[PDB]
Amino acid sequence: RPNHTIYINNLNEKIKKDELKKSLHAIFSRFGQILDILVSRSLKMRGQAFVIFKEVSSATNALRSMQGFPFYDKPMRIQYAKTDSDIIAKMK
């Protein structure tokens, strides 16, 4: 079910955290307000990202018209976050 935050994996793992962060914000902003965007390069969390929209509809729109996008030479695999983000839970 639809959720403010989207989960993206299959990201290029050779890309630095700073770079990936601005590059994600640049292609997703055109869909709505973005509270924050979580990115780690751990063993467990690499290749993936979380993008938090302020509106649930923005998430949905982004998921749909961006799925499979060639992001850094690698199709994106956007899906909904299985759980709500901290920023959102401690907000509403």
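Throughout, we count residues from 1 along the sequence that is shown.
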Averaging CA B factors per stretch from the PDB record, which one is higher: 16-24 or 75-83?
75-83
Looking at the temperature factor on the CA atom of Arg64, which third of the chain's modelled residues does it land in?
highest
Can you tell me which third, lowest, middle or highest, the CA B-factor of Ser58 falls into for its chain?
middle
Please place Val51 in the lowest, middle or highest third of its chain by C-alpha B factor as given in the entry.
lowest
The third of the chain into which the C-alpha temperature factor of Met45 falls is the highest
